[PDB]
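A.B. asks: So that we are looking at the same thing, I have put the structure below in structure tokens.
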Amino acid sequence: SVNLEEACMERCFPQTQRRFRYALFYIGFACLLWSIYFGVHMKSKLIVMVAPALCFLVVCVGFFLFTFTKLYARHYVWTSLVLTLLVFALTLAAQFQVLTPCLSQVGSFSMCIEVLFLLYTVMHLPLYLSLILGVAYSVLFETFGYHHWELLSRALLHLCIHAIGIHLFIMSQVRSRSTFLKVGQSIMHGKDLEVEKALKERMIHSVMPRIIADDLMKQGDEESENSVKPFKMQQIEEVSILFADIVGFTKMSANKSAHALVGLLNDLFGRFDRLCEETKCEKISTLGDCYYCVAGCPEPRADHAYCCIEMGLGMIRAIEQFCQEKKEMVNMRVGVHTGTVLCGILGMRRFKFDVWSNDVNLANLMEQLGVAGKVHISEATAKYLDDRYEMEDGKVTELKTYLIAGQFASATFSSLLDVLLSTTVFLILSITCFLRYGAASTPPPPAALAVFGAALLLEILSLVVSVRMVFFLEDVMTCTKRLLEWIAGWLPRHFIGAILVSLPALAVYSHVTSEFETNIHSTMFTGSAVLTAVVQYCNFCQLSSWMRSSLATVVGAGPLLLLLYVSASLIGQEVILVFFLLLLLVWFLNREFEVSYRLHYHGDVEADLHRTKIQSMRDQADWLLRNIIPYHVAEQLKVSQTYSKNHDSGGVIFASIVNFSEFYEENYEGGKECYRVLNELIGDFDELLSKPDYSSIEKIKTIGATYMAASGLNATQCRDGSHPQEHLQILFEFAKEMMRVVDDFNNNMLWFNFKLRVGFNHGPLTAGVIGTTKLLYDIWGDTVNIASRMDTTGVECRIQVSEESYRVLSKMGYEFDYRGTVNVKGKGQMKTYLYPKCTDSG
Amino acid sequence: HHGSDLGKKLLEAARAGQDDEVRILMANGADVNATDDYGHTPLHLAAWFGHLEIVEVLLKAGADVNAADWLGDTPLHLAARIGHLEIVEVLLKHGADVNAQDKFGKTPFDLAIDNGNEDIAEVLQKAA
């Protein structure tokens, strides 16, 4: 991830700049204080030690102005390198000329500690060079102080300091990486979410009209939004409805590849609906070879009949132009009607906006009764036609109608890390303070051993609690641990942290309660160890800032303010100076780390917020995709443009309520309740499909008040341990369960009987997808219209079956009775059989 | 109530006409106004199956007067739809409103008219 890990430090510049500038200010200020110390108060015998202070002041101001340059954006690393080399040399030089019996070890060790920290935190250099420079500095200082137990103690101090530093460095690195990664994820997600929104909106407008979609995408109906995870229907007056059917549609589908048909129909209907949007009339849907539209449905218009007749003429023009274009002699039956219609949406599966009345059937019939190439207008169309065209009356030769031919980063893990750190460094500091004794093996104070025991016990219990919580040990039981964990909120963390951060100061004061005022090495040792302890009080970054700062300062320095009176004073003034500087460091450093923790938290929350917002949108869009098309053609179009297929044999059933025709009482305003009841009925019908065994059945769509389904095509997978014909039988019991459900609802319906005509067939068919930027899956073939016509020549509560389907089912166990002989268009005479037996009295 | 097989069982006994079962269920703390999923009522079921004695049992069991289905019809409307005068009388003596209408938007006079029953029409036309 070289590009990644390069852009990472590409984005991290101004923070590094700010840290550098603070470091420079601090080092200059400390050097100025030591110049003042060496000048006014004491060391009046020489000017040797103030000139280096002045020159370091000027080099600091030089770097201060230097950072602005353009030869810095890829060179600041080595700039910090040269500055740290300068500091190295100056510090060792300030050490070199000592051990006269001229400066005590307290100031030397101080200036060592600040050099080491400004190295580890701010300079922002790689790890291995940093650590080798640290160990080199440590050894050089400790061996240049010689110009053995005390020295060994100082070395151990160096090791503890290095531990603190390397830990803090790693923590800063990890916290730096993680926030950039999280903000990167949050940046990535928004664009994809905006894309998903557009896809959802497009598909919604595809499946259902413009007006209701624009009214509802402001979630005017919360039920609609919860359903599309409900809506309303209306009744309207004086609307124009147009139908058109292909003449000789079976002829063009004799022995083709079933592919050119899909594309040519795509182009045809693209032209037609193109002209639709360019003529301000609204399409509804299609049935195979039939294309039909309405005018002024969502919003009535005053001159919708003119739009309808102009659509008829334009369709005539387009079909004649295509006939001249590709040379296929076809004509296009047209029917047109005007009247009143109630419009709405039925069902929750494959639901499509539609319209209903007797006038729609009347228009379809009057299309079937008209002549090809000329539109068959009605007297209802002629009430307000303004007769601006050719007036010609064309009637059936075998109602006042006319014919018109045109015109890591886990918060609880860091607790493990820093508790581990505190316990190990504290234990080693106690080791050295115990190691102070060389002549007397036992400590006269017992309080040192008591405090040692208390500390070791407290640290080990905290350690085992942390390791149980993180590793999920559950070594004894879970519920004991659970009531041993939940207590820690805002206050328990404050208080346990306060104790765990304070306690090293008490550890160092373990030994000072005894005598240290006689010998001179003891007091200097206590100063060294106490600064070593007080610097450690910064790690626990999970806590707050002001608490740890005030605690560290007070419980680390104030006791020395107390022990100052127990009288060596000049060493006192220098040591208060060094502790002033030390607290000055720790305040800024701990602030700098708390702010970074805060910002990391402020980022990760919104990362997961947007991540959860995307998922619901994705599932919603996928469900809408599944609403329209089968999954198979969905994944097929993911690498394609269109879909087209054929099946040499498939079963199909058609079914529609027959006694619904008298149930159109319109005394109620709109008659909406009956269609509501129909809606729950069809919703139950869809809920029937939800069974897991119903993967072999494809409900094609709802057609007005009818219901069409097929089978045996979704089964693309064939096994030799299977019979590939069971789809027909299972679909036959699917019809049976439909029969049972309608009977049960008729039982549960209050005083009205519902009966249906149902017809079954099977044969070779073809499948395709039509709309582009719109969507519609559909089926064509030779047996679909035959099945529809035979179902039309059916009997209520009777499963009428095609003769060949009768032959293939008679041996399957089901028994029927021959009904009669029915003559059908396209194929001629055909026999009919009935599934119900002895249903009536006779 | 919870797992209310009592409601469905009392409804099925109500339109079944099995009196002893209804009495036993009543001894079993049967919910008097327990209904189906669709909102039909035991009084309406009794009107459907014409078990008048069940109508009296339910009305003395603590039944309501303006029970409405998903179609919202009050039992007065249902009985005017049937054509049974006695059921209409024993329900209107409870004081069912005649100036109101269900969500179909029609008074019981209209439903008495279209169902061809005159008796209900003169019964209601005398009311205030």
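Quick mapping for you: the protein sequence lines, in order, are chains A and C. In terms of the authors' numbering, the first sequence is residues 97 to 197, 217 to 262, 278 to 359, 384 to 552, 566 to 574, 780 to 939, 976 to 1250. 9 is the number of the first residue of the second sequence in the authors' numbering; add one for each residue after it. Where is the CB? At the ideal position from N, CA and C, for every residue including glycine.
1. Let me check understanding here. Comparing Cα to Cα, which of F1093/A, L1121/A and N1122/A lies closest to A1143/A?
2. CB-CB under 7 Å to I1108/A, same chain, minus the five flanking residues each way: which ones, in chain order?
3. Do you know offhand how far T236/A's Cα is from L298/A's?
4. Excluding the 5 residues flanking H413/A on each side, which residues of the same chain have their C-beta closer than 6 Å to its C-beta?
5. Is the CB of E1077/A under 8 Å away from at least one CB in chain C?
6. Are at least three pairs of beta-carbons, each pair with one atom in the stretch 463-482 of chain A and one in the stretch 342-353 of chain A, less than 8 Å apart?
7. Answer with yes or no whether the minimum CB distance from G113/C to chain A is below 8 Å.
8. Determine the contact status of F117/C and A129/C, defining contact as a CB-CB distance below 8 Å.
9. What are the residues of the stretch 1130-1164 of chain A that lie near chain C, defined by any Cβ-Cβ distance shorter than 8 Å?
10. Could you tell me which residues DSSP pairs with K434/A in its beta bridges?
11. For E1106/A, list the residues DSSP reports as bridge partners.
12. Should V938/A and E889/A be called a contact, given that it needs their Cβ atoms to be closer than 8 Å?
13. Please determine, among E533/A, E552/A and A149/A, the residue with the shortest C-alpha to C-alpha distance to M545/A.
14. Please check the pair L1173/A and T1191/A, which I expect to be a contact at CB under 8 Å, by giving their CB distance rounded to whole angstroms.
15. Per DSSP, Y445/A forms a beta bridge with which residues?
16. Shortest alpha-carbon distance to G928/A belongs to which of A905/A, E1014/A, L935/A and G402/A?
17. Could you give the residue range of the alpha helix (DSSP H) that holds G15/C?
18. In terms of residue numbering, what span does the beta strand (DSSP E) encompassing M1238/A cover?
19. Quick one: grab the DSSP three-state call for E1223/A.
20. Name the DSSP bridge partner or partners of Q388/A?
21. Which whole-angstrom value is the C-beta distance of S1104/A and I1138/A, which I expect to be below 8 Å?
22. Cβ closer than 8 Å: which chain C residues qualify as neighbours of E1074/A?
23. Which residues in chain C have a C-beta closer than 8 Å to the C-beta of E1081/A? List them in chain order.
24. With a threshold of 16 other CB atoms inside 10 Å of the CB of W918/A, please say whether the residue is buried or exposed.
25. I need the boundaries of the alpha helix (DSSP H) containing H883/A, first residue and last residue.
26. Buried or exposed for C217/A, please, with buried defined as at least 16 other CB atoms from any protein chain shown within 10 angstroms of its CB.
27. Is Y809/A buried or exposed, if buried means 16 or more other CB atoms sit within 10 Å of its CB?
28. By how many angstroms is the C-alpha of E982/A removed from the C-alpha of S140/A?
29. With distance defined between alpha-carbon atoms, name the residue in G402/A, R471/A, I979/A and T1229/A nearest to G1189/A.
30. For the alpha helix (DSSP H) containing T187/A, list its first residue and its last residue.
31. Out of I123/A, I228/A, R307/A and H278/A, which has the shortest C-alpha to C-alpha gap to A103/A?
32. Nearest-angstrom Cα distance between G1079/A and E352/A?
33. Contact defined as beta carbons within less than 8 Å: I believe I1194/A pairs with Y1243/A. What is the distance between those atoms, to the nearest angstrom?
34. Please report how far the alpha carbon of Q1023/A lies from the alpha carbon of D28/C, in whole angstroms.
35. For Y569/A and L523/A, what's the separation of their Cα atoms in angstroms?
36. Mapping DSSP to helix, strand and coil, what is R455/A?
C.D. replies: The answer reads as follows:
1. In the first sequence, counting from the first residue as 1, residue 1143/A sits at position 735. Considering only alpha carbons, the answer is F1093/A.
2. Your numbering for residue 1108/A matches position 700 in the first sequence. Answer for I1108/A: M1116, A1117, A1118 and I1187, listed in chain order.
3. On the first sequence, position 121 is the one that residue 236/A refers to. On the first sequence, position 168 is the one that residue 298/A refers to. Taking the straight line joining both Cα atoms gives about 8 Å.
4. The residue you call residue 413/A lines up with position 259 of the first sequence. Same-chain partners within the cutoff: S1052.
5. For the purposes of this step, residue 1077/A is taken as the residue at position 669 of the first sequence. With 8 Å as the cut-off, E1077/A counts as an interface residue toward chain C.
6. no
7. For the purposes of this step, residue 113/C is taken as residue 105 along the second sequence, with counting starting at 1. Answer yes: the Cβ-Cβ gap between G113/C and chain A drops below 8 Å somewhere.
8. Translated into positions along the second sequence, residue 117/C becomes position 109. Translated into positions along the second sequence, residue 129/C becomes position 121. Cβ atoms of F117/C and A129/C: closer than 8 Å.
9. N1156, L1158 and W1159
10. Position 280 of the first sequence, counted from the first residue, corresponds to residue 434/A. DSSP lists no partner for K434/A.
11. Mapped onto the first sequence, residue 1106/A falls at position 698. DSSP, once it has assigned bridges, lists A1118/A as partnering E1106/A.
12. Here residue 938/A refers to the residue found at position 566 of the first sequence. Here residue 889/A refers to the residue found at position 517 of the first sequence. The answer is yes: Cβ separation under 8 Å.
13. Here residue 545/A corresponds to residue number 391 of the first sequence, with the count starting at 1. Closest by alpha carbon: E533/A.
14. Within the first sequence, numbered from 1, the residue matching residue 1173/A stands at position 765. Within the first sequence, numbered from 1, the residue matching residue 1191/A stands at position 783. With a Cβ gap of about 7 Å, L1173/A and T1191/A count as contacting.
15. As a working note, residue 445/A is residue 291 in the first sequence. In the DSSP output, where bridge partners are listed per residue, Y445/A has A398/A and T440/A.
16. Here residue 928/A refers to the residue found at position 556 of the first sequence. Considering only alpha carbons, the answer is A905/A.
17. As a working mapping, residue 15/C is identified with position 7 in the second sequence. Run containing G15/C: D13 to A24, per the alpha helix (DSSP H) assignment.
18. On the first sequence, residue 1238/A is found 830 positions in, with the first residue counted as 1. Residues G1236 to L1242.
19. Here the question's residue 1223/A lines up with position 815 in the first sequence. The answer is coil: DSSP assigns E1223/A none of H, G, I, E or B.
20. Counted from its first residue, the first sequence places residue 388/A at position 234. Answer is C497/A.
21. As a position in the first sequence, residue 1104/A is number 696, starting the count at 1. As a position in the first sequence, residue 1138/A is number 730, starting the count at 1. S1104/A to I1138/A, Cβ: 6 Å. Contact.
22. One-based indexing of the first sequence puts residue 1074/A at position 666. Going along chain C, no residue has its Cβ under 8 Å from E1074/A, so there is no contact; the nearest lies around 11 Å.
23. In the first sequence, residue 1081/A corresponds to position 673, counting from 1. Per Cβ cutoff of 8 Å: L79, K111 and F112.
24. The residue given as residue 918/A occupies position 546 in the first sequence. With fewer than 16 Cβ atoms within 10 Å of its Cβ, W918/A is classed as exposed.
25. Within the first sequence, numbered from 1, the residue matching residue 883/A stands at position 511. Counting along the chain, the alpha helix (DSSP H) containing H883/A begins and ends at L863 to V884.
26. Counted from its first residue, the first sequence places residue 217/A at position 102. Per the 10 Å Cβ criterion, exposed.
27. As a position in the first sequence, residue 809/A is number 437, starting the count at 1. That one is exposed.
28. As a position in the first sequence, residue 140/A is number 44, starting the count at 1. As a position in the first sequence, residue 982/A is number 574, starting the count at 1. For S140/A and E982/A, the distance between alpha carbons rounds to 16 Å.
29. Locating residue 1189/A in the first sequence gives position 781, counting from the first residue. It is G402/A whose Cα lies nearest to the Cα of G1189/A.
30. For the purposes of this step, residue 187/A is identified with residue 91 of the first sequence, where counting begins at 1. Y172 to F192 is the span of the alpha helix (DSSP H), which, as asked, contains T187/A.
31. Here the question's residue 103/A lines up with position 7 in the first sequence. Cα-wise, what sits closest to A103/A is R307/A.
32. Position 671 of the first sequence, counted from the start, is the residue given in the question as residue 1079/A. Position 222 of the first sequence, counted from the start, is the residue given in the question as residue 352/A. Answer to the nearest angstrom: the Cα atoms are 24 Å apart.
33. By 1-based counting over the first sequence, the position of residue 1194/A is 786. By 1-based counting over the first sequence, the position of residue 1243/A is 835. That belief does not hold up - the Cβ atoms of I1194/A and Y1243/A are roughly 18 Å apart, past 8 Å.
34. Here residue 1023/A corresponds to residue number 615 of the first sequence, with the count starting at 1. Here residue 28/C corresponds to residue number 20 of the second sequence, with the count starting at 1. For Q1023/A and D28/C, the distance between alpha carbons rounds to 58 Å.
35. Residue 569/A sits at position 402 when you count from the first residue of the first sequence. Residue 523/A sits at position 369 when you count from the first residue of the first sequence. Cα to Cα, the separation comes out at about 12 Å.
36. Reading the first sequence from its first residue, position 301 is the one you call residue 455/A. Coil, per DSSP.
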